[PDB]
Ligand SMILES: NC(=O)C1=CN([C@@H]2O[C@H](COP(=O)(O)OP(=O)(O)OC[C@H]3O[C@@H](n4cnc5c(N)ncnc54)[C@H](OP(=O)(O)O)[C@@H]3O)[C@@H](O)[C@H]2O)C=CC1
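Heads up, the chain below is alone and in the form solved without this ligand; it's given as structure tokens.
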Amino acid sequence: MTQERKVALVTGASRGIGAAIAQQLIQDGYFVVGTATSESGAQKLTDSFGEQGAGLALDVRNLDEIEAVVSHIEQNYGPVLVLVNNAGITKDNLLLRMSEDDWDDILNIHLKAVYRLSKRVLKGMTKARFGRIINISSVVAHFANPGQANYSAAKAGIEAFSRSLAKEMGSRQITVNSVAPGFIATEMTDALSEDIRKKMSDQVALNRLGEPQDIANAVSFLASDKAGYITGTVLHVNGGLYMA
């Protein structure tokens, strides 16, 4: 039992974008720790990653669990040198119907979790004089959508936090970036109808929904030496749905 590869931590790795990111980072040569909210899901991740990764249960809303998970990774696999913040649900509602819990839960799962996990991995990245924090944002952080004020506020806050952290950590060669997916094919889009997914792809310049692997490719690029002079940016992967 000796683990010599650099360690990547991917939260919310069970399916879709998170699963593709985790598998791509494995292919890139990392030892990947993926997280799921349940222990069953964590075991499914352990099974998928085999001897080049591990699955751990983590509710990113809880600081005690964040600290325990990162401590476990450091004590068993090594310092987290790539952090991909992908965990996170939506709780949509127009503001008149958006409850205190609807707001707080989303802000905690997305923005607070990014703050907590980034803070927790900073010591190891600083010691290594190498680090990658890659936050999965969304196109709705830029192109606002009614009913997603909580999600949009959280994602935009994550982007601003990333800029501040990039400035604080730049001299230690830690890059902090966000990837903003557009319409990507997920179980959720699979749930939608043919006609709705044509409505969606009609809004995309490339005239199709993206795939999880497109986001994985963007993250793999940002985590590599090929993006060592890129920090504090948003990398939009939306097929021209939103251009900035």
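Counting begins at 1, following the sequence as shown.
Trainee: Among the other entries of this protein that were compared (only those with both neighbours built), does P212 lack coordinates in at least a third?
Mentor: Result for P212: never missing in the compared entries.
Trainee: Among the other compared PDB entries, is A191 dropped in a third or more?
Mentor: Across the other compared entries, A191 is absent from at least a third.
Trainee: Out of 138-146 and 91-99, which one has CA B-factors that are higher on average in the deposited record?
Mentor: That would be 138-146.
Trainee: Mean Cα B factor from the PDB record: higher for 56-64, or higher for 186-194?
Mentor: Mean C-alpha B-factor is greater for 186-194.
Trainee: Of the three thirds of its chain by CA temperature factor, lowest, middle or highest, which one includes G157?
Mentor: Lowest third.
Trainee: What third of its chain, lowest, middle or highest, does the C-alpha temperature factor of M243 fall into?
Mentor: It falls in the middle third of the chain.
Trainee: Based on the deposited C-alpha B factors for this chain, I'd like to know if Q203 is in the lowest, middle or highest third.
Mentor: For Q203, the deposited C-alpha B-factor lands in the highest third.
Trainee: With respect to C-alpha B-factor, does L209 fall in the lowest, middle or highest third of the chain as deposited?
Mentor: CA B-factor rank for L209: highest third.
Trainee: Classify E51 as lowest, middle or highest third according to the C-alpha B-factor given in the PDB entry, relative to its own chain.
Mentor: CA B-factor rank for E51: middle third.
The next section is about a form of this same protein that is not shown, the form deposited with this ligand bound.
Trainee: Give me the residue from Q27, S193, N207, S38 that has a heavy atom within 4.5 Å of this ligand in the deposited bound form.
Mentor: For this set of options, the contacting one is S38.
Trainee: Using a 4.5 Å heavy atom cut-off, which residue among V121, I174, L165, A87 comes into contact with this ligand in the deposited bound form?
Mentor: Only one option qualifies, and that one is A87.
Trainee: Give a yes or no for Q43: in the deposited bound form, does one of its heavy atoms lie within 4.5 Å of a heavy atom belonging to this ligand?
Mentor: Residue-level check for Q43: no, no contact with this ligand.
Trainee: How about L58: is it within 4.5 Å of this ligand in the deposited bound form, going by heavy atoms?
Mentor: Flag for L58 set to yes.
Trainee: When the contact criterion is heavy atoms within 4.5 Å, does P181 count as touching this ligand in the deposited bound form?
Mentor: Heavy-atom contact with this ligand at 4.5 Å: present for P181.
Trainee: Would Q213 count as touching this ligand in the deposited bound form under a 4.5 Å heavy atom rule?
Mentor: Heavy-atom contact with this ligand at 4.5 Å: absent for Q213.
Trainee: Pick from 107-115, 165-173, 69-77, 126-134: which stretch has non-hydrogen atoms within 4.5 Å of this ligand in the deposited bound form?
Mentor: Result of the contact check: 107-115.
Trainee: Taking a heavy atom within 4.5 Å as contact, would all three of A13, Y151 and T186 count as contacting this ligand in the deposited bound form?
Mentor: Verified in the deposited bound form; spot residues all in contact, yes.
Trainee: Quick one: name the residues from 213-244 with any non-hydrogen atom within 4.5 angstroms of this ligand in the deposited bound form.
Mentor: Contacts from 213-244: none.
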